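Read the structure below first, then the notes.
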Amino acid sequence: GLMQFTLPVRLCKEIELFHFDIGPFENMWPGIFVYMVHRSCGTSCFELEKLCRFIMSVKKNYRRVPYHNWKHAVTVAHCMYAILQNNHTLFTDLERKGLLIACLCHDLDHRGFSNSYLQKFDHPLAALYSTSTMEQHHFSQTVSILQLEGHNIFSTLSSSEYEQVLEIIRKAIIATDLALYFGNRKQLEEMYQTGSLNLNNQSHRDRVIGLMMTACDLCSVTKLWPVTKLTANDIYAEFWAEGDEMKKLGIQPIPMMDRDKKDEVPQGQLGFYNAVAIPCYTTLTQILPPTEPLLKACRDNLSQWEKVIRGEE
Ligand SMILES: Cc1ccccc1-c1cn2c(n1)C[C@H](NC(=O)c1c(C(=O)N3CCC3)cnn1C)CC2
Ligand SMILES: [Mg+2]
Ligand SMILES: [Zn+2]
């Protein structure tokens with residue numbers, strides 16, 4: 001009860017900033033997450049014994065893939081932490097509980113392959129879940145781990161609160177399917193501009209939470225340039241592996257996944273910042289003004305990719 005987690009001074013200060021990098025010391029990441037839960041939610045939200053057992057089971061169920069790994073999980077939970085801390089009063093006690101856990105669990109048991117590759121391979125998960133294939137798997141893995149003896153961190157919630165938190169987590173995890181992001185942001189853009197956006201409307205909050213999940217999931221684009229640049233290497237290590245596997249199935253992959261077209265990465269990055277990242281953080285900044293530092297860091301990185309094309313780096 002009276003046991004806090006305490007970070008070294010540099011981490012204690014920088015963890016509050018949107019652009020914090022969680023560092024290369026894996027053994028500190030669990031403590032960083034508990035620190036964020038305690039400050040974001042309270043030291044009472046979860047039994048520490050159960051949270052620690054949940055965190056370590058979640059870690060064990062992430063694989064050793066270049067990008068969709070345990071570091072990504074914690075990184076995405078930190079961006080959510082930064083959004084929740086800068087928007088103190090806008091979110092219910094249940095939402096703060098659910099969303100950090102959603103972010104930690106959102107890519108559970110990822111193999112480093114897209115929903116497209118699962119479908120073309122004819123992987124069993126593609127038979128079980130026809131759309132948002134991996135994302136339904138991630139939520140399913142989350143429920144499994146919550147039901148391990150000693151792992152139910154929500155046990156002190158009432159039955160209805162329990163049903164509400166699992167519904168927040170489910171929608172939050174499904175929303176990380178980038179195919180669903182385009183239509184979700186368009187709807188939110190319309191609602192904000194015609195002034196119909198109403199955060200007491202549950203279907204509207206769902207949409208806003210969905211956009212928060214895209215923002216946290218993509219947050220490598222909101223870091224210092226060297227973090228952004230080095231994360232992109234890991235993202236392409238997965239994409240090019242998938243392209244290799246597409247070739248093995250006798251299918252030429254899209255240029256994004258074809259290691260033979262590395263040369264065009266910078267232009268692909270521009271398309272992505274213009275089509276996905278900038279519009280995401282722009283609408284997010286309109287709805288939640290204190291998340292502006294994410295939009296500003298994203299535009300800075302767009303500028304860095306423009307400089308790469310111009311041969312200046
Ligand atoms: C057109 C092209 C030609 C030649 C070479 C490359 C490209 C190209 C097109 N695109 C990209 N490269 C990367 C971009 N996606 C990211 O950069 C990305 C993700 C992300 O899409 N997801 C899914 C799982 C992670 C997460 N964060 N970031 C930064 C998507 C579009
Ligand atoms: Mg995912
Ligand atoms: Zn993710």
Side-chain angles (χ1 to χ4, degrees), residues 58 61-63 65-80 99-118 125 129 131-142 169-182 210 212-223 225 227-243 246 252-281 294 297-298 300-302 304-305 308-309:
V58 173
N61 282 286
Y62 275 91
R63 297 178 184 260
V65 295
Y67 176 65
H68 286 105
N69 57 38
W70 175 234
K71 197 186 186 157
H72 171 70
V74 177
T75 293
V76 168
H78 162 264
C79 191
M80 181 58 71
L99 286 175
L100 294 175
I101 294 290
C103 287
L104 197 72
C105 292
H106 84 282
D107 272 326
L108 263 163
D109 189 43
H110 207 293
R111 325 299 176 96
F113 296 117
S114 64
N115 295 334
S116 260
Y117 180 73
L118 286 224
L125 290 174
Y129 314 113
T131 65
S132 305
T133 301
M134 285 305 308
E135 296 84 10
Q136 298 199 64
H137 182 57
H138 306 316
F139 173 67
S140 179
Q141 296 278 282
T142 306
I169 292 160
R170 189 187 58 81
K171 292 174 188 157
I173 291 180
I174 297 312
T176 62
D177 179 7
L178 216 38
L180 298 172
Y181 149 77
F182 300 98
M212 286 162 65
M213 292 299 298
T214 311
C216 299
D217 203 12
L218 296 187
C219 72
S220 89
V221 304
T222 71
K223 307 306 189 184
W225 168 239
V227 175
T228 298
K229 189 187 142 194
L230 287 157
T231 305
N233 290 343
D234 297 334
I235 299 169
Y236 282 110
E238 296 199 351
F239 285 168
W240 295 336
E242 183 169 325
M246 285 299 188
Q252 257 299 119
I254 68 189
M256 189 188 317
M257 295 183 189
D258 187 351
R259 56 178 77 256
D260 297 331
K261 310 195 167 160
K262 306 207 190 216
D263 34 293
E264 303 164 45
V265 153
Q267 194 63 55
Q269 284 294 298
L270 289 197
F272 184 74
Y273 279 66
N274 287 316
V276 183
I278 300 289
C280 171
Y281 296 117
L294 291 169
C298 187
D300 281 326
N301 282 319
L302 168 54
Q304 287 303 300
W305 283 115
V308 165
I309 286 158

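Ligands are counted one by one from 1 in listed order, and the atoms in each one are counted from 1 as well. For reference, positions follow the sequence shown, starting with 1. Side chains included, hydrogens not; waters and symmetry mates left out as well; all remaining heavy atoms used.
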Ligand 1 polar-atom proximity to protein (N/O, under 3.5 Å):
{"from": "ligand 1", "atom 1": "12 (N)", "to": "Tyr236", "atom 2": "OH", "distance (Å)": "2.7"}
{"from": "ligand 1", "atom 1": "17 (O)", "to": "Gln269", "atom 2": "NE2", "distance (Å)": "2.7"}

Kindly assign one of parallel, tilted or perpendicular to the pair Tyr62 and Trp70, based on the angle between their ring planes and the thresholds 30° and 60°. tilted

Is the distance between the Zn ion (ligand 3) and the nearest N/O/S atom of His110 smaller than 2.8 Å? no

Find out whether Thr176 and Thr214 are in side-chain contact, i.e. whether some heavy atom of one side chain is under 4.5 Å from a heavy atom of the other. no

What I'd like to find out is whether the side chain of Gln252 reaches to under 4.5 Å of the side chain of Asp258, using heavy atoms alone. yes

Please find the N/O/S atom of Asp107 nearest to the Zn ion (ligand 3) and write down its name. OD2

With the Mg ion (ligand 2) as the reference point, give the N/O/S atom of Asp107 that is nearest. OD1

Do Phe139 and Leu108 have side chains that approach each other closer than 4.5 Å (heavy atoms only, starting at C-beta)? no

Hey, is the Zn ion (ligand 3) within less than 2.8 Å of some N/O/S atom on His72? yes

Is the shortest heavy-atom distance from the side chain of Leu180 to the side chain of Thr131 under 4.5 Å? no

Parallel, tilted or perpendicular for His68 and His110, by the 30°/60° rule? parallel

Under the 3.5 angstrom rule, does the side chain of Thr228 hit a backbone N or O of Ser220 as a donor-acceptor pair? yes

Out of the N/O/S atoms in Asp217, what is the name of the one closest to the Zn ion (ligand 3)? OD1

How about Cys219 and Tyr281: do any of their side-chain heavy atoms sit closer than 4.5 Å? yes

